[PDB]
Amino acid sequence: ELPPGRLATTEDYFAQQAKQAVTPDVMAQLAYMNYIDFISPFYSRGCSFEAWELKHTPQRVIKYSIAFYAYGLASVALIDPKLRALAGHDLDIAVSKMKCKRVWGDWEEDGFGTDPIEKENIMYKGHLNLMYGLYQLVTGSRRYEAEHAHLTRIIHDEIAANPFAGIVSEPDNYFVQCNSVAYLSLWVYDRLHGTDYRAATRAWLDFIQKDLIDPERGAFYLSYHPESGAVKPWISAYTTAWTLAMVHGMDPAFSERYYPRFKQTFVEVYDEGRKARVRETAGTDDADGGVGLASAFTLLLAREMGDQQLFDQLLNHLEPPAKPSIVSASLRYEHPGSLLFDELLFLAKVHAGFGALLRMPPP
């Protein structure tokens, strides 16, 4: 059956790639993304952010919104070849908008520098480098090749120069989740050019397993701070869910080791097995604390790991209270339950696996 308040079955979402068609509700999300002049997020390459003003997206989170849209569009390209030209066009726009000062300008306003790419700031330039790669996989266009080579060399050189494996975001803030994106961006560059930038990944997976994970609980600590050597002593569900999802595309064995322990630690099954919600940290019964993204990031992880049961449970918790409706063949939510809501449900519904995106066949 179709549980109440849902738009399509878990069977339907997982069958999209095989049926070579997106579900009607994913098509209605692409319509929200592309249809109305000026105010749709993928209307033009311009430095126009009307779509994010209307959703009340905080400035600091727009970079994550654009990136999550981009990762979803790369899966749409793989699902339906008739939509691959459209997905490529949207990715062109995603890259253009990602480079606008509205998106990266927090870096300058906080006093960290005038150039968002030259040093640090992996939370921005990791996502940008992955988007450059996914654009070229999807389209075969060399439009951003020069910028892509420049940013990839910056990421490689900065990893090589650091005593810890990886790159900080704000100075003296190290986040595994933001590093995972940077490392995946090196895999994609290597797939495009036959280079071996991804070689640095082994050292990184060794490093994050020493100080930054609780292996019994299958959960990463919130953050690391190289100057003091401090690890914030709380484990984080959203941090772990995101990291495991991306690492599965580079070292599947790593994510398969920790995933069942991650679920025991954080996932609460309820309503006689029909629903699930995710605790953000230990020592609490409360779901979706902190940034409120544990359930939505776990939905993406469930998709990456092929876990239909947990996917169905999480989507039954997340989607119905958001009261989705289709108006003029376009998807809207009356009560989005978190930041980045339509972005993450879109991405989770279409996600083909970061592994599959790496191996994407040419046009």
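We number the residues from 1 along the sequence you see.
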Taking the recorded C-alpha temperature factors, which stretch has the higher mean, 272 to 280 or 129 to 137?
272 to 280
Report the stretch with the higher mean CA temperature factor, choosing between 332 to 340 and 31 to 39 on the basis of the entry.
332 to 340
For the listed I159, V188, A77, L151, which has the peak Cα B-factor recorded in the PDB entry?
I159
Can you tell me which third, lowest, middle or highest, the CA B-factor of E50 falls into for its chain?
middle
Would you check the entry's CA temperature factor for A352 and let me know if it's in the chain's lowest, middle or highest third?
lowest
Relative to the other modelled residues in the chain, which third contains the C-alpha temperature factor of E120: lowest, middle or highest?
middle
Determine, from the deposited record, the chain-internal third of the Cα B-factor for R217: lowest, middle or highest.
highest
Using the B-factors in the PDB entry, rank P58's C-alpha atom against the chain and give the third, lowest, middle or highest.
lowest
